[PDB]
Amino acid sequence: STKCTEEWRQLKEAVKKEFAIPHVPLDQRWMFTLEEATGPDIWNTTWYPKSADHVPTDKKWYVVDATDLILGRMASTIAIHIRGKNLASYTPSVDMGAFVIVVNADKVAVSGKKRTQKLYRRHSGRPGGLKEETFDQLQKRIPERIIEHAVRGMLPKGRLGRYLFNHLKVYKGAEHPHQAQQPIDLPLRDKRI
Amino acid sequence: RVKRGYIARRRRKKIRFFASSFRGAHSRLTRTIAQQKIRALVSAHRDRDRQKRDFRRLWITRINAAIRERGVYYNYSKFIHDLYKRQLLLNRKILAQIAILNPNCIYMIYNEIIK
Amino acid sequence: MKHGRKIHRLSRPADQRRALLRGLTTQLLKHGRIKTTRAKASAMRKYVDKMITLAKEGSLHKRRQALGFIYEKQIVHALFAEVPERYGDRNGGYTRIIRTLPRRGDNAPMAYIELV
Amino acid sequence: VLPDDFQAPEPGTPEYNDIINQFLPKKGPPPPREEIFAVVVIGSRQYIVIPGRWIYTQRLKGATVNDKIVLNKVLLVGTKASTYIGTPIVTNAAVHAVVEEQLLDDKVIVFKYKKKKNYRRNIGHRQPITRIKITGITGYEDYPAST
Amino acid sequence: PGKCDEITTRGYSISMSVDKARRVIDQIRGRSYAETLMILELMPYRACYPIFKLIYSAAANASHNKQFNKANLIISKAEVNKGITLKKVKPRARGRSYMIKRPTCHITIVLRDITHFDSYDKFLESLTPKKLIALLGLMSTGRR
Amino acid sequence: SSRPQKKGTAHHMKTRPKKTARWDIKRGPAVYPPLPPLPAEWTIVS
Amino acid sequence: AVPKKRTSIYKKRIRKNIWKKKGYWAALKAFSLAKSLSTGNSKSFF
RNA sequence: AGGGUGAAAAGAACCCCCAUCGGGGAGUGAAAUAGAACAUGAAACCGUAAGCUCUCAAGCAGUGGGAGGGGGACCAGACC
RNA sequence: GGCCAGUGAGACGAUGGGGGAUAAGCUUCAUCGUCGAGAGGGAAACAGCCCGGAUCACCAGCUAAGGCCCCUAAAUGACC
RNA sequence: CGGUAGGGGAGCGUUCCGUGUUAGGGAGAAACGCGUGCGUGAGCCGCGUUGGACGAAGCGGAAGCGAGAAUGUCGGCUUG
RNA sequence: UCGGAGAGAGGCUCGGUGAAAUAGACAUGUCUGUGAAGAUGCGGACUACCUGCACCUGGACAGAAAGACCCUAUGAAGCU
């Protein structure tokens, strides 16, 4: 009897439509529908987002061009959007952030003597495996690990910064393969780059 | 004059009933039921004082992220510059609540802070 | 490692294994159909094919090697009077390894040997 | 003792779908209160207040039950189109409210213990709170600041 | 109670361990009497045979106490519990003595016929509840 | 060698945050002009 | 060699249910042998 | 070291499984979930069923906030 | 004064010294601060360092020490 | 109105006794389990398709009177 | 040196029977730092899907067993 699972499933979806209510977005929105003032007191408590507030479909998309941009301040201004601290919906327990795309990772500027003296060393578990590895060696070898190492220490390294680590999309080429949500260029507030 | 009793089992059964959903021998085993009652109550203390502190922090960063959407360099400190110079006594960071429940009304707040 | 050691040794030491081979192929030639374990079944299969084809050419030397291998006296002389009349033209493959239920007490994989 | 049986009254199922589809959905309209909104200052802390809401607050110094009480300490009274940004109080303001029966809230078990220095204190606290229902907001028609 | 559907058969504290009786009793859960009849004929366990004796004396029970068939009859729960454990003070070297417990089981197997109505269509009728008690005896997803 | 390492509570008198800028010690809190007193919190209406 | 502490209900129900699931795997084999033992020409089980 | 089925053994006639032990009907009893391991039966311990949930995860296992989901509901905003 | 206890192993930090090697989180003293018996905040963590003295509640505000790129609250603030 | 060693004041609970052959109780006492209740808390009160005969409160008294520790101890049952 | 092969009893798998020392609960990583001065438990970083089986024993200051060595007791005892 396939009609048991199918037809009772569509009856459960039908009463999901009849009992439950949708969650309206926060755009040109007033305080309450007249149904909402009869419901819970969501005013005097702190606003906490529901599942229809942090959908990854309608998140923002940002594209920087990392040509002649210095690394760490770009990493901080990518971090401040990768968290969601430019949105008034910022709750630090959910994923309110925005996807970012960093093209031209091969041409990221640094200041001083970072290129020959800053080491991206790593180590496995056994002794004597500490890998000597400098900035020009990655930028010659795999450049898109540079920025990916800069912003990974900018995000809260628990279960939630690991989830918004995948929002970072760094590509070394001049062109990114994304045409997802027509990615608008990233707004900067940094006068010294 | 023997004095066998039952009061340790009501004394102990109340603490047993409070220690529900403690994941294992913290929810079944008496000699840990006691210290999970104890540590649960002091957890309630420090997380209550720091829920006052923590929601203060949350409204500070929420209205900071609301004001910084103008683009021109208007920080959260300047919103309090011209929030106490223009005499608005103590909106108590509940403008961080109507900053998302009523974003046009907080645009009226800030656009009357400018003038 | 056991690369290419094609002797099939049982859970018994060497001389006891030889006595198990000789006694169990002796009573296999006595009754025909027999209940063994499967390791004992294949271990009977090689040696009893050697004893059917040993007295296939009924000379004195084959009869004396064959009497030397088998325990009982009156079963070797009932063998070469029976195997050319029955197992001529068969040209190998004198048995059958019909398996059965495992044994109560060990879960031993238990087999059953024919003469066909 | 058997499987019971099929029962035979020979029934006919009414598939008219003008009675069950009347019975199962419900028509309940929310009451239109009005297009108004204020933020009152009670004790120290401020409350988002809309006309008709069972708020909880602090006052048990003295307030009789079912009393009609004006909360005139209003800032940021707001309609659907315009809000009134309160230089501290909007003048001549009146949030009409109904101070209802007084309550004690949930138990807050204040149990303190330090460490092996053997000290532990179970005390409790029932905060003397008061539930207030809101009637309507008036006296707010000065200096509009619509955008 | 399911309105007179199941047949509950208990068991003595038989002289074997509970855990092996619980792997052989967790095998035969949910399967009808024919499949357990052929599997417990051939399961290579010593805990198999009193379980097969209690299944056989449980469905013969279900055919003589009730009047059912041994083909439309599935095993419902088949719970095995602990029993009494004897204590055997067995001596061991350097002057020591170890308690060797002789464990016993406590088998309770419940059987389940399908005594169904098999109604024609699904469509709900919110009328005559004193017939709705009898028309619905064993279903799923009970709303209100 | 003969240079003693600074252990605990000598580490705390050395490596504690000290604001050794003579400007930032002079700072008092900001002063806004005084306001008239706010009205009554509520009023009996009969 | 001597165990430092004891295991939970957690890890024990995991290991015992791996043991009894290891008992589950050796009866669909017995269902296949009991099904092939039925009516059919099979050159086994005299 | 090991006490207490009932008020009265009224201690289960007879049928089935079956070598027993035991179990299910039936019968006695107010009670058979009072069945001879027999009176109330708690915790540790072992289980089975139902609701939600865990397989990129670092944690004295809580607590504050609470996404999503489930249950009855009547002060339907509440409770678990 | 009456009745009636504990305590009499202290620790570090500043100053004044002796023992040492003006070595020790060393040892012994004299005045003081903290811990002991003190929670909270700053000190990454961290008894004795700075602010500070916890009756309790609030999804209140202003501050001390200390901070205002991100992790983590507040200035990628201004001028030398 | 922080608090260790410690000192003082005020209370809850338990079993028995006076009132007491108390009120109440096979129309369900004690027990055991339950709470959207009340207390500063020890605890009280209320509800139970479990159980089956005792026993409150108030005003008082007396203790083999309150458990998480003693490589305690006696039974039961785990881990490996 | 410089190991190598082979035969048994174990070890590995299956079926039966079935312990023990130990054990606060364990959701039981590495480096580095801090801390009663040798941390899975605190801090920062890095690394790790869950869970078995077979071996090895570096750590859990692993198990034993109120350190035989050292000192204290206005202890005990033998001997001179």
# chains A, B, ... in the order shown; residues from 1 in each chain; ligands from 1

call {"tool": "interface_residues", "arguments": {"of": "chain G", "to": "chain K", "cutoff": "8 Å", "atoms": "only C-alpha atoms (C1' of nucleotides)", "output": "count of residues only"}}
result
8

call {"tool": "residues_around", "arguments": {"residues": "segment 126-131 of chain D", "least_positions_apart": "3", "cutoff": "6 Å", "atoms": "only C-alpha atoms (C1' of nucleotides)", "output": "PDB file with C-alpha atoms (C1' of nucleotides), in the first residue's frame"}}
result
ATOM      1  CA  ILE D  55       2.890  42.043  30.906  1.00  0.00           C
ATOM      2  CA  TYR D  56       4.757  41.283  34.123  1.00  0.00           C
ATOM      3  CA  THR D  57       6.457  43.958  36.206  1.00  0.00           C
ATOM      4  CA  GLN D  58       7.795  44.884  39.625  1.00  0.00           C
ATOM      5  CA  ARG D  59       5.175  46.893  41.565  1.00  0.00           C
ATOM      6  CA  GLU D 100      -4.483  43.059  37.883  1.00  0.00           C
ATOM      7  CA  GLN D 102      -0.461  40.295  42.130  1.00  0.00           C
ATOM      8  CA  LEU D 103       1.740  37.260  41.532  1.00  0.00           C
ATOM      9  CA  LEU D 104       4.814  35.479  42.779  1.00  0.00           C
ATOM     10  CA  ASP D 105       7.026  34.242  39.962  1.00  0.00           C
ATOM     11  CA  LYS D 107      11.317  29.794  42.269  1.00  0.00           C
TER      12      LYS D 107
ATOM     13  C1'   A I  57      15.594  39.312  42.082  1.00  0.00           C
TER      14        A I  57
END

call {"tool": "atom_distance", "arguments": {"atom1": "atom CA of residue 86 of chain C", "atom2": "atom CA of residue 63 of chain C"}}
result
17.7 Å

call {"tool": "residues_around", "arguments": {"residues": "residue 35 of chain I", "least_positions_apart": "3", "cutoff": "12 Å", "atoms": "only C-alpha atoms (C1' of nucleotides)", "output": "number ranges by chain"}}
result
F: 9; I: 10-13, 38, 47-49

call {"tool": "closest_atom_pairs", "arguments": {"of": "chain C", "to": "chain K", "cutoff": "7 Å", "atoms": "only C-alpha atoms (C1' of nucleotides)", "output": "CSV"}}
result
residue,atom,partner,partner_atom,distance
C:13,CA,K:8,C1',6.6
C:105,CA,K:15,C1',6.1
C:106,CA,K:15,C1',4.4
C:107,CA,K:15,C1',4.7

call {"tool": "interface_residues", "arguments": {"of": "chain E", "to": "chain H", "cutoff": "6 Å", "atoms": "only C-alpha atoms (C1' of nucleotides)", "output": "mmCIF file with C-alpha atoms, in the first residue's frame"}}
result
data_model
loop_
_atom_site.group_PDB
_atom_site.id
_atom_site.type_symbol
_atom_site.label_atom_id
_atom_site.label_comp_id
_atom_site.auth_asym_id
_atom_site.auth_seq_id
_atom_site.Cartn_x
_atom_site.Cartn_y
_atom_site.Cartn_z
ATOM 1 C CA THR E 9 3.673 -17.428 27.379
ATOM 2 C CA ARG E 10 6.071 -17.277 30.322
ATOM 3 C CA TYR E 12 10.819 -21.239 33.951
ATOM 4 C CA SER E 57 4.540 -24.705 23.089
ATOM 5 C CA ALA E 60 0.401 -24.860 20.058
ATOM 6 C CA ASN E 61 -0.916 -22.868 23.016
ATOM 7 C CA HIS E 64 -5.478 -24.847 21.539
ATOM 8 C CA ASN E 65 -6.305 -22.062 24.016
#

call {"tool": "residues_around", "arguments": {"residues": "segment 35-44 of chain E", "least_positions_apart": "5", "cutoff": "12 Å", "atoms": "only C-alpha atoms (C1' of nucleotides)", "output": "PyMOL selection string"}}
result
(chain C and resi 100-109) or (chain E and resi 20+23-30+49-59+70-75) or (chain G and resi 23-38) or (chain K and resi 14-16)

call {"tool": "closest_atom_pairs", "arguments": {"of": "segment 8-68 of chain I", "to": "segment 85-102 of chain B", "cutoff": "12 Å", "atoms": "only C-alpha atoms (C1' of nucleotides)", "output": "JSON lines"}}
result
{"residue": "I:59", "atom": "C1'", "partner": "B:94", "partner_atom": "CA", "distance": 9.6}
{"residue": "I:60", "atom": "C1'", "partner": "B:92", "partner_atom": "CA", "distance": 7.0}
{"residue": "I:61", "atom": "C1'", "partner": "B:92", "partner_atom": "CA", "distance": 6.9}
{"residue": "I:62", "atom": "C1'", "partner": "B:90", "partner_atom": "CA", "distance": 10.7}

call {"tool": "select_by_dssp", "arguments": {"residues": "chain F", "states": "alpha helix (DSSP H)", "output": "JSON, numbers by chain"}}
result
{"F": [22, 23, 24, 25]}

call {"tool": "write_last_selection", "arguments": {"atoms": "N, CA, C and O atoms", "output": "PDB file, in the first residue's frame"}}
result
ATOM      1  N   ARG F  22      50.313  58.814  30.963  1.00  0.00           N
ATOM      2  CA  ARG F  22      49.871  59.816  31.930  1.00  0.00           C
ATOM      3  C   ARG F  22      48.603  60.533  31.466  1.00  0.00           C
ATOM      4  O   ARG F  22      47.845  61.055  32.289  1.00  0.00           O
ATOM      5  N   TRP F  23      48.337  60.529  30.160  1.00  0.00           N
ATOM      6  CA  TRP F  23      47.060  61.004  29.636  1.00  0.00           C
ATOM      7  C   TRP F  23      45.885  60.140  30.089  1.00  0.00           C
ATOM      8  O   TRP F  23      44.857  60.659  30.540  1.00  0.00           O
ATOM      9  N   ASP F  24      46.010  58.816  29.965  1.00  0.00           N
ATOM     10  CA  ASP F  24      44.836  57.955  30.089  1.00  0.00           C
ATOM     11  C   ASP F  24      44.495  57.696  31.555  1.00  0.00           C
ATOM     12  O   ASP F  24      43.463  57.088  31.865  1.00  0.00           O
ATOM     13  N   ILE F  25      45.349  58.156  32.472  1.00  0.00           N
ATOM     14  CA  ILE F  25      45.014  58.123  33.893  1.00  0.00           C
ATOM     15  C   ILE F  25      44.176  59.347  34.260  1.00  0.00           C
ATOM     16  O   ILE F  25      43.331  59.294  35.164  1.00  0.00           O
TER      17      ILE F  25
END

call {"tool": "interface_residues", "arguments": {"of": "chain D", "to": "chain A", "cutoff": "9 Å", "atoms": "only C-alpha atoms", "output": "number ranges by chain"}}
result
D: 25, 29-33, 46-50, 52-53, 55, 80

call {"tool": "interface_residues", "arguments": {"of": "chain F", "to": "chain I", "cutoff": "7 Å", "atoms": "only C-alpha atoms (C1' of nucleotides)", "output": "list in words"}}
result
residues 7, 9, 12, 13, 16 and 17 of chain F

call {"tool": "write_last_selection", "arguments": {"atoms": "N, CA and C atoms", "output": "short mmCIF file (atom, residue, chain, number, x, y, z; two decimals), in the first residue's frame"}}
result
data_model
loop_
_atom_site.label_atom_id
_atom_site.label_comp_id
_atom_site.auth_asym_id
_atom_site.auth_seq_id
_atom_site.Cartn_x
_atom_site.Cartn_y
_atom_site.Cartn_z
N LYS F 7 58.91 34.28 39.14
CA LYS F 7 57.91 33.24 39.32
C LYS F 7 56.57 33.87 39.67
N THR F 9 53.40 35.58 41.24
CA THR F 9 53.12 36.81 41.99
C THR F 9 54.31 37.79 41.89
N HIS F 12 53.18 38.45 38.36
CA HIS F 12 51.95 39.23 38.35
C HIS F 12 52.22 40.70 38.64
N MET F 13 53.30 41.02 39.36
CA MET F 13 53.66 42.42 39.50
C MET F 13 54.41 42.96 38.30
N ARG F 16 51.30 42.26 34.67
CA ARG F 16 49.90 42.65 34.70
C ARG F 16 49.68 43.83 33.78
N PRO F 17 48.46 44.01 33.26
CA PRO F 17 48.19 45.20 32.45
C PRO F 17 48.24 46.45 33.32
#

call {"tool": "select_by_dssp", "arguments": {"residues": "chain E", "states": "strand (DSSP E or B)", "output": "PyMOL selection string"}}
result
chain E and resi 6-9+32+73-75+79-82+86-92+96-102+105-113

call {"tool": "interface_residues", "arguments": {"of": "chain B", "to": "chain H", "cutoff": "7 Å", "atoms": "only C-alpha atoms (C1' of nucleotides)", "output": "PyMOL selection string"}}
result
chain B and resi 40+43-44+47-48+51

call {"tool": "write_last_selection", "arguments": {"atoms": "N, CA, C and O atoms", "output": "PDB file, in the first residue's frame"}}
result
ATOM      1  N   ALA B  40      24.601  21.949  39.481  1.00  0.00           N
ATOM      2  CA  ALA B  40      23.553  22.516  38.638  1.00  0.00           C
ATOM      3  C   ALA B  40      23.023  23.826  39.212  1.00  0.00           C
ATOM      4  O   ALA B  40      22.738  24.772  38.462  1.00  0.00           O
ATOM      5  N   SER B  43      25.685  26.511  38.707  1.00  0.00           N
ATOM      6  CA  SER B  43      25.586  26.837  37.284  1.00  0.00           C
ATOM      7  C   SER B  43      24.427  27.790  37.005  1.00  0.00           C
ATOM      8  O   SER B  43      24.567  28.720  36.195  1.00  0.00           O
ATOM      9  N   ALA B  44      23.305  27.609  37.711  1.00  0.00           N
ATOM     10  CA  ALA B  44      22.177  28.527  37.576  1.00  0.00           C
ATOM     11  C   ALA B  44      22.520  29.925  38.090  1.00  0.00           C
ATOM     12  O   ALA B  44      22.103  30.929  37.494  1.00  0.00           O
ATOM     13  N   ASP B  47      25.338  31.561  35.576  1.00  0.00           N
ATOM     14  CA  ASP B  47      24.722  31.793  34.281  1.00  0.00           C
ATOM     15  C   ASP B  47      23.540  32.752  34.363  1.00  0.00           C
ATOM     16  O   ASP B  47      23.099  33.259  33.327  1.00  0.00           O
ATOM     17  N   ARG B  48      23.023  33.024  35.565  1.00  0.00           N
ATOM     18  CA  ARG B  48      22.006  34.062  35.695  1.00  0.00           C
ATOM     19  C   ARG B  48      22.631  35.458  35.717  1.00  0.00           C
ATOM     20  O   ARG B  48      22.182  36.362  34.986  1.00  0.00           O
ATOM     21  N   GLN B  51      23.802  35.941  32.418  1.00  0.00           N
ATOM     22  CA  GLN B  51      22.813  36.178  31.374  1.00  0.00           C
ATOM     23  C   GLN B  51      22.386  37.635  31.373  1.00  0.00           C
ATOM     24  O   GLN B  51      22.025  38.155  30.307  1.00  0.00           O
TER      25      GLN B  51
END

call {"tool": "closest_residue", "arguments": {"among": "D:63, D:11, D:72, D:106", "to": "residue 38 of chain J", "atoms": "only C-alpha atoms (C1' of nucleotides)"}}
result
D:106

call {"tool": "residues_around", "arguments": {"residues": "residue 26 of chain J", "least_positions_apart": "3", "cutoff": "12 Å", "atoms": "only C-alpha atoms (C1' of nucleotides)", "output": "MDAnalysis selection string"}}
result
(chainID H and resid 30) or (chainID J and resid 29 52:54)

call {"tool": "interface_residues", "arguments": {"of": "chain F", "to": "chain D", "cutoff": "9 Å", "atoms": "only C-alpha atoms", "output": "ChimeraX atom specification"}}
result
/F:38-46

call {"tool": "write_last_selection", "arguments": {"atoms": "N, CA and C atoms", "output": "mmCIF file, in the first residue's frame"}}
result
data_model
loop_
_atom_site.group_PDB
_atom_site.id
_atom_site.type_symbol
_atom_site.label_atom_id
_atom_site.label_comp_id
_atom_site.auth_asym_id
_atom_site.auth_seq_id
_atom_site.Cartn_x
_atom_site.Cartn_y
_atom_site.Cartn_z
ATOM 1 N N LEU F 38 12.120 63.052 36.217
ATOM 2 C CA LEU F 38 11.061 62.345 35.524
ATOM 3 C C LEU F 38 9.807 62.279 36.397
ATOM 4 N N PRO F 39 8.620 62.209 35.788
ATOM 5 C CA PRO F 39 7.388 62.172 36.585
ATOM 6 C C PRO F 39 7.203 60.844 37.303
ATOM 7 N N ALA F 40 6.040 60.719 37.942
ATOM 8 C CA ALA F 40 5.698 59.532 38.714
ATOM 9 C C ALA F 40 5.624 58.306 37.817
ATOM 10 N N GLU F 41 5.927 57.137 38.377
ATOM 11 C CA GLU F 41 5.958 55.920 37.578
ATOM 12 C C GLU F 41 4.553 55.476 37.183
ATOM 13 N N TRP F 42 3.561 55.755 38.028
ATOM 14 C CA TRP F 42 2.158 55.498 37.725
ATOM 15 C C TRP F 42 1.295 56.328 38.666
ATOM 16 N N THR F 43 -0.013 56.336 38.398
ATOM 17 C CA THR F 43 -0.952 57.209 39.092
ATOM 18 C C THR F 43 -2.289 56.500 39.281
ATOM 19 N N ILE F 44 -2.850 56.604 40.493
ATOM 20 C CA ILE F 44 -4.190 56.089 40.763
ATOM 21 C C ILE F 44 -5.220 56.904 39.993
ATOM 22 N N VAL F 45 -6.033 56.222 39.191
ATOM 23 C CA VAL F 45 -7.130 56.846 38.461
ATOM 24 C C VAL F 45 -8.422 56.137 38.835
ATOM 25 N N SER F 46 -9.331 56.869 39.469
ATOM 26 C CA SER F 46 -10.603 56.305 39.900
ATOM 27 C C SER F 46 -11.770 57.022 39.228
#

call {"tool": "residues_around", "arguments": {"residues": "segment 61-65 of chain J", "least_positions_apart": "5", "cutoff": "8 Å", "atoms": "only C-alpha atoms (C1' of nucleotides)", "output": "PyMOL selection string"}}
result
(chain B and resi 1-3) or (chain J and resi 14+17)

call {"tool": "write_last_selection", "arguments": {"atoms": "N, CA and C atoms (P, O5', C5', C4', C3', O3' and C1' of nucleotides)", "output": "PDB file, in the first residue's frame"}}
result
ATOM      1  N   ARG B   1      15.315   0.663  71.339  1.00  0.00           N
ATOM      2  CA  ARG B   1      14.634   1.882  70.919  1.00  0.00           C
ATOM      3  C   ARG B   1      15.095   2.147  69.476  1.00  0.00           C
ATOM      4  N   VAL B   2      14.896   1.139  68.622  1.00  0.00           N
ATOM      5  CA  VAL B   2      15.465   1.142  67.277  1.00  0.00           C
ATOM      6  C   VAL B   2      14.735   2.160  66.409  1.00  0.00           C
ATOM      7  N   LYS B   3      15.478   2.791  65.503  1.00  0.00           N
ATOM      8  CA  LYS B   3      15.015   3.974  64.802  1.00  0.00           C
ATOM      9  C   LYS B   3      15.315   3.859  63.304  1.00  0.00           C
TER      10      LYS B   3
ATOM     11  P     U J  14       7.491  13.440  60.661  1.00  0.00           P
ATOM     12  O5'   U J  14       8.206  12.070  61.031  1.00  0.00           O
ATOM     13  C5'   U J  14       8.964  11.362  60.064  1.00  0.00           C
ATOM     14  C4'   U J  14      10.060  10.562  60.717  1.00  0.00           C
ATOM     15  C3'   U J  14       9.624   9.684  61.878  1.00  0.00           C
ATOM     16  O3'   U J  14       9.098   8.439  61.450  1.00  0.00           O
ATOM     17  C1'   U J  14      11.560  10.909  62.483  1.00  0.00           C
ATOM     18  P     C J  17       2.818   4.344  71.655  1.00  0.00           P
ATOM     19  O5'   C J  17       2.875   5.369  72.875  1.00  0.00           O
ATOM     20  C5'   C J  17       3.311   4.952  74.160  1.00  0.00           C
ATOM     21  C4'   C J  17       3.568   6.128  75.070  1.00  0.00           C
ATOM     22  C3'   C J  17       2.369   7.009  75.376  1.00  0.00           C
ATOM     23  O3'   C J  17       1.526   6.474  76.378  1.00  0.00           O
ATOM     24  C1'   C J  17       4.240   8.360  74.846  1.00  0.00           C
TER      25        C J  17
END

call {"tool": "interface_residues", "arguments": {"of": "chain E", "to": "chain J", "cutoff": "12 Å", "atoms": "only C-alpha atoms (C1' of nucleotides)", "output": "list in words"}}
result
residues 82, 84 and 85 of chain E

call {"tool": "residues_around", "arguments": {"residues": "residue 90 of chain E", "least_positions_apart": "6", "cutoff": "12 Å", "atoms": "only C-alpha atoms (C1' of nucleotides)", "output": "count of residues only"}}
result
10

call {"tool": "interface_residues", "arguments": {"of": "chain G", "to": "chain B", "cutoff": "12 Å", "atoms": "only C-alpha atoms", "output": "PyMOL selection string"}}
result
chain G and resi 7-11

call {"tool": "write_last_selection", "arguments": {"atoms": "C-alpha atoms", "output": "PDB file, in the first residue's frame"}}
result
ATOM      1  CA  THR G   7      32.612   1.266  31.604  1.00  0.00           C
ATOM      2  CA  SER G   8      29.307   3.078  31.233  1.00  0.00           C
ATOM      3  CA  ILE G   9      25.908   1.731  30.292  1.00  0.00           C
ATOM      4  CA  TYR G  10      26.774   3.505  26.998  1.00  0.00           C
ATOM      5  CA  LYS G  11      29.881   1.580  25.920  1.00  0.00           C
TER       6      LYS G  11
END
